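Here's the structure we're looking at; comments come further down.
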Amino acid sequence: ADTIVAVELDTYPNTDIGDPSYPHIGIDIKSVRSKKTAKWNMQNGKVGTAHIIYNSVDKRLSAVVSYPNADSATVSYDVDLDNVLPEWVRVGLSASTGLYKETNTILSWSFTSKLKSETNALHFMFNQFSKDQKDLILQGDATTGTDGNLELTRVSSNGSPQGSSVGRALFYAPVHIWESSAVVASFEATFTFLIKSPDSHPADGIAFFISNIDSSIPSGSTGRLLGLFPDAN
Amino acid sequence: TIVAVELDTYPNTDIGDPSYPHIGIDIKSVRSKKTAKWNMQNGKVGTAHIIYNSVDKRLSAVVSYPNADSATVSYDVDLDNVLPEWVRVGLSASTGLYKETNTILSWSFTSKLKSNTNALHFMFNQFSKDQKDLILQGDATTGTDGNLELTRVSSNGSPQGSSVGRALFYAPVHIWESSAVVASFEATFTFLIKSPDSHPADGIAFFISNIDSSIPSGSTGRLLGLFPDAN
Amino acid sequence: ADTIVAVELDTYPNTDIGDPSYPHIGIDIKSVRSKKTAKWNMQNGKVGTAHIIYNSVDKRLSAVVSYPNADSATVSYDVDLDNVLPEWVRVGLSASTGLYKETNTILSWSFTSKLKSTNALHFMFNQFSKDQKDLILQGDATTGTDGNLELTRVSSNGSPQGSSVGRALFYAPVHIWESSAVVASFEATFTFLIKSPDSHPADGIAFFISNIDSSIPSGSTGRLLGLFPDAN
Amino acid sequence: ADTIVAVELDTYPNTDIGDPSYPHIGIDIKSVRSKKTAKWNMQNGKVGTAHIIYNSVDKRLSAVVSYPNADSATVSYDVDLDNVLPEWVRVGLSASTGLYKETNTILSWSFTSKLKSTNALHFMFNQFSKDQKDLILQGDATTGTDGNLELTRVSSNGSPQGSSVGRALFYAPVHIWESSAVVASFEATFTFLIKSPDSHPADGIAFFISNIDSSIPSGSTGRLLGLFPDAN
Ligand SMILES: CO[C@H]1O[C@H](CO)[C@@H](O)[C@H](O)[C@@H]1O
Ligand SMILES: CO[C@H]1O[C@H](CO)[C@@H](O)[C@H](O)[C@@H]1O
Ligand SMILES: CO[C@H]1O[C@H](CO)[C@@H](O)[C@H](O)[C@@H]1O
Ligand SMILES: CO[C@H]1O[C@H](CO)[C@@H](O)[C@H](O)[C@@H]1O
Ligand SMILES: [Ca+2]
Ligand SMILES: [Ca+2]
Ligand SMILES: [Ca+2]
Ligand SMILES: [Ca+2]
Ligand SMILES: [Mn+2]
Ligand SMILES: [Mn+2]
Ligand SMILES: [Mn+2]
Ligand SMILES: [Mn+2]
């Protein structure tokens with residue numbers, strides 16, 4: 001399979017596969033069964049912000065998700081990505097729907113990678129997305145251009161979300177995420193998102209992920225699997 | 001479609017070169033739209049800085065060594081009317097009958113588009129054996145001393161003739177957009193040109209091309225890995 | 001006294017001092033009489049953006065001022081700042097009112113300076129606090145109201161007052177040029193909200209560069225924008 | 001008196017006041033007696049690099065010090081700087097000598113601060129000039145010799161002197177924390193050259209954060225690194 005490290009914004013509790021009984025943020029290493037989670041007070045139809053950070057000194061992957069004028073949710077997990085990910089990776093955003101549905105709208109996405117061996121750096125910032133965005137690899141139902149936004153999951157003419165949808169956006173360039181002879185390595189990711197649902201049951205969520213360069217949507221990764229994992233193991 | 005800043009070490013007066021080593025701005029042709037005398041220093045590490053913005057619509061380059069007057073060239077051009085909106089950016093070099101090392105020690109690029117801000121930045125101060133965010137073309141290699149060698153160097157360390165190589169950044173770049181208020185880019189690279197007995201050739205270029213750009217047939221020597229012909 | 005280089009957003013035409021007959025953007029070298037101007041379609045009560053750029057290669061100071069979904073105004077002037085300003089300067093924003101009045105609200109301000117010879121300075125304000133210790137506030141300028149920088153006096157009710165001058169300078173001196181320097185560049189960006197009760201807004205906002213010890217010159221209210229002692 | 005948070009590169013073991021028995025890197029909160037230390041293989045006459053990081057999410061201050069082609073030294077400490085430092089601070093480098101001596105040469109220094117409630121401050125020195133107006137020099141600190149910052153006294157002949165203290169602070173105050181901030185982070189880097197004539201180099205270099213009005217405390221030469229009034 002693909003090797004995946006994700007921060008998930010999980011809107012639908014699947015207690016079947018280890019989810020808590022509420023909307024949560026999670027850190028996923030090689031599995032959809034989060035190594036650490038925190039309660040998330042998801043606000044239907046409000047624009048939220050996700051900030052992910054990691055460095056080779058603390059070897060600690062941390063995420064904060066927040067809305068304006070509300071307490072933020074925060075999750076951290078000690079992990080050396082040197083022992084998990086290959087040296088060269090792609091970074092992306094993933095989303096899915098199942099029986100239940102939500103818009104998975106990305107309004108902005110920025111990423112910074114620094115590697116001191118002589119510092120090498122990569123930085124991109126999207127505050128709008130265009131009709132033909134050639135520095136993104138779009139996978140599944142993901143599209144760009146509607147209101148200058150990235151729609152990870154299928155939305156009908158009227159703006160209504162559809163079920164059984166999976167989409168991903170990967171940045172075109174591979175990223176040197178770690179190196180054997182490296183003194184300090186760090187990365188930071190930010191994205192803004194709008195999750196809107198018709199009912200009280202939004203599903204299934206958004207993830208920032210890091211994968212092998214040649215990563216694709218695994219067969220039947222709709223719903224609970226977030227476009228990231230082939231199975232629930 | 002090519003827009004290049006050339007560091008031209010060999011005068012080819014046949015195709016419009018001045019009679020000295022020069023820096024040049026090339027729009028769609030090897031016959032520079034503007035040039036300036038360049039006091040190229042064999043075996044010293046030099047620096048090139050390229051800048052452009054959609055307000056002044058002026059492409060400028062400065063090339064310098066420590067403790068020496070810099071050489072500077074500028075050209076008014078709207079790149080909105082020249083390049084496609086999505087491009088790749090790279091470094092190119094060549095040798096012909098005459099030869100030089102075309103060593104790149106560092107390379108950075110910044111692009112910004114503010115609409116009515118989107119940004120891309122890369123910085124290489126070192127190059128690795130398997131650099132997956134570069135497309136190497138022709139004789140270009142990475143890993144020797146943590147450097148990018150654009151043209152072929154023998155085991156013994158000697159540069160070879162009839163060599164062409166290029167390095168392109170893997171990701172396409174949004175270089176212009178109609179609905180943009182301000183669009184700008186900046187590129188910097190450090191280079192080491194060393195020639196066996198003097199008489200060096202043929203030079204290094206920073207370029208911007210269509211995404212699918214490759215080394216054109218017979219672009220060794222005077223054509224710098226950039227042009228199919230001398231028109 | 002002070003050596004001033006400014007980009008002015010001039011809302012009130014003072015044709016007596018060289019001004020065109022419309023709201024304009026201008027480049028001011030050592031004088032309030034703009035060396036180059038352009039018509040500015042100023043929009044009362046909408047948030048606008050100004051972007052100022054300069055580099056030692058082109059030796060050209062350029063400004064663009066725009067609102068969303070409107071054509072931008074642009075002004076440029078060839079000048080070598082090596083021959084005008086000292087090598088160490090302060091950077092700031094200035095605003096004034098006279099008989100006529102407007103809010104001179106700054107919502108954001110960023111500045112970047114690079115000198116290769118690379119030494120660099122960058123600051124970004126997307127909000128201003130009640131006690132902003134990396135700004136020198138001069139005259140009527142205050143911070144804290146809605147996280148904004150009010151360059152000119154505003155009453156409790158939000159109503160602008162006349163005969164007001166205020167400036168905000170960044171605390172640190174900036175190395176703007178150096179004798180043995182290969183490339184020098186700077187960029188400034190600011191967001192502003194100009195609102196007037198009547199059809200006669202005055203007097204405008206300026207991004208400026210001055211000697212480190214620069215202060216509001218006596219009687220630089222109204223047309224002089226808090227920048228100049230006289231109209232020469 | 002002054003509130004100090006420091007990363008020390010300590011070249012001289014003062015076991016009397018809690019130092020380990022070897023050259024070490026340390027994190028100092030309000031005291032010279034390091035809250036965490038790590039063995040440092042200090043290399044006389046080689047250019048080294050120091051990298052300091054902190055963010056309000058992990059609330060963990062971390063430092064790495066390295067030379068080319070050598071294993072790095074690393075030290076980390078959980079601390080909420082919200083409960084230690086005032087909201088507004090100055091940042092600097094400090095060094096000292098006592099009976100024993102070393103050059104305390106700074107070749108480069110950069111700092112970045114970001115506060116999302118985004119406000120940002122960034123400086124980079126790869127050169128220091130004769131009259132560097134965005135630095136406050138204190139004690140024996142000077143700039144201009146080889147484009148370097150010499151924190152401690154060096155004689156004409158190039159020889160380091162004992163009983164020397166010097167500091168360099170960035171001129172602008174820094175908003176290091178704010179209550180209603182979602183994420184706050186800072187990063188500092190410097191390159192240094194420590195050279196000693198004998199086998200007893202002393203006393204070391206520190207990156208520090210202090211109250212804005214911070215000065216060299218009375219009798220802070222040698223083991224106290226120009227940072228602390230006493231050894232408590
Ligand atoms: C019946 O369950 C389906 O719908 C839920 C809610 O969308 C998903 O979590 C799950 O994977 C299935 O696709
Ligand atoms: C005789 O000319 C040859 O050599 C020069 C210098 O190398 C090149 O410019 C040219 O393309 C030819 O290959
Ligand atoms: C009558 O003119 C006054 O008012 C205008 C408009 O405010 C100013 O330009 C000028 O300096 C005076 O103060
Ligand atoms: C004998 O101790 C002296 O010298 C050492 C080493 O320089 C310092 O640590 C100390 O403060 C004293 O000045
Ligand atoms: Ca779930
Ligand atoms: Ca030629
Ligand atoms: Ca006027
Ligand atoms: Ca000690
Ligand atoms: Mn989950
Ligand atoms: Mn030529
Ligand atoms: Mn005017
Ligand atoms: Mn100690």
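Each chain gets a letter, A, B and so on, in the order the sequences are listed, and its residues count up from 1.
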side-chain hydrogen bond (donor to acceptor under 3.5 Å, both in side chains) partners for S213(B), two or more places apart: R166(B)
Could you pull out all residues at least two apart from [X] that satisfy side-chain contact (heavy atoms from CB on, under 4.5 Å)?
X       : result
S214(B) : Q137(B)
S108(D) : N126(D), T191(D)
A171(B) : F171(A), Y172(A), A173(A), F169(B)

Quick one about [Y] and [X] (side-chain donor to acceptor, distance below 3.5 Å, no hydrogens or angles considered), yes or no?
X       : Y       : answer
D133(B) : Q131(B) : yes
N147(B) : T103(B) : no
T95(B)  : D202(B) : no

Non-hydrogen side-chain atoms of [X] and [Y] separated by less than 4.5 Å:
X       : Y       : answer
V182(C) : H49(B)  : no
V91(A)  : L93(A)  : no
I15(B)  : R222(B) : yes
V82(B)  : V3(B)   : yes
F209(A) : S94(A)  : yes
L148(B) : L136(B) : yes
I137(A) : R90(A)  : yes

Checking the side chain of [X] only, and the main-chain atoms of [Y] only, is there a donor and an acceptor separated by less than 3.5 Å?
X       : Y       : result
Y98(B)  : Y10(B)  : no
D2(A)   : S211(A) : no
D80(A)  : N83(A)  : no
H121(B) : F109(B) : yes
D17(B)  : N12(B)  : yes
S32(B)  : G24(B)  : no

Please state whether the rings of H176(A) and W88(A) are parallel, tilted or perpendicular, taking 30° and 60° as the class boundaries. parallel
Is the ring pair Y52(B)/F185(B) parallel, tilted or perpendicular, if the boundaries are 30 and 60 degrees? parallel
Look up atom [atom1] in [X] and atom [atom2] in [Y], then write down how far apart they are to the nearest 0.5 Å.
X       : Y       : atom1 : atom2 : answer
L224(B) : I204(B) : CG    : CD1   : 10.0 Å
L192(B) : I104(B) : CG    : CD1   : 9.5 Å
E87(A)  : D82(A)  : CD    : CG    : 8.0 Å
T35(B)  : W38(B)  : OG1   : CH2   : 13.0 Å
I29(A)  : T3(A)   : CD1   : OG1   : 11.5 Å
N120(A) : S128(B) : CG    : OG    : 8.0 Å

Tell me the closest heavy-atom pair linking [X] and [Y], and the distance in Å.
X       : Y       : result
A185(A) : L115(A) : CB-CD1, 3.7 Å
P196(B) : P159(B) : CD-CG, 3.6 Å
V45(B)  : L105(B) : CG2-CD2, 4.0 Å
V30(B)  : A230(B) : CG1-CA, 3.8 Å
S62(D)  : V57(A)  : CB-CG1, 3.5 Å
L226(B) : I2(B)   : O-CG1, 3.5 Å

For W109(D) and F123(D): C-alpha separation, side-chain torsions, deciding distance, then whether ring pair (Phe, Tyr, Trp, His ring centres under 6.0 Å) applies. CA-CA 8 Å; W109(D) 180 32; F123(D) 61 83; 4.9 Å; yes
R58(B): what forms a salt bridge (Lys or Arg N to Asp or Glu O under 4.0 Å) with it, not counting sequence neighbours? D76(B)
Is there a side chain to side chain contact (heavy atoms under 4.5 Å, CB included) between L168(B) and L134(B)? Walk through the geometry before answering. CA-CA 6 Å; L168(B) 298 86; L134(B) 294 184; over 6 Å; no
Does the side chain to side chain contact (heavy atoms under 4.5 Å, CB included) test come out yes or no for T110(B) and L120(B), once each step is laid out? CA-CA 6 Å; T110(B) 317; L120(B) 171 84; over 6 Å; no
Checking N102(B) against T151(B) for the side-chain hydrogen bond (donor to acceptor under 3.5 Å, both in side chains) test, could you report, in this order, the C-alpha distance in whole Å, the side-chain angles of both residues, the deciding distance, and whether it holds? CA-CA 6 Å; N102(B) 292 125; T151(B) 51; 3.0 Å; yes
Using the side-chain hydrogen bond (donor to acceptor under 3.5 Å, both in side chains) rule, take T9(B) and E100(B) through it: C-alpha gap first, then chi angles, then the decisive distance, then the call. CA-CA 9 Å; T9(B) 53; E100(B) 74 202 20; 2.6 Å; yes
By ring-ring contact (aromatic ring centres under 6.0 Å, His included), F207(D) pairs with (sequence neighbours left out) none
May I have the step-by-step check of side chain to side chain contact (heavy atoms under 4.5 Å, CB included) for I51(B) and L59(B), ending in yes or no? CA-CA 6 Å; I51(B) 53 171; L59(B) 184 48; over 6 Å; no
Report the C-alpha separation of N42(B) and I193(B) in whole Å, then their side-chain angles, then the decisive distance to 0.1 Å, and conclude whether the side chain to side chain contact (heavy atoms under 4.5 Å, CB included) test is met. CA-CA 6 Å; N42(B) 204 282; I193(B) 303 165; 5.5 Å; no
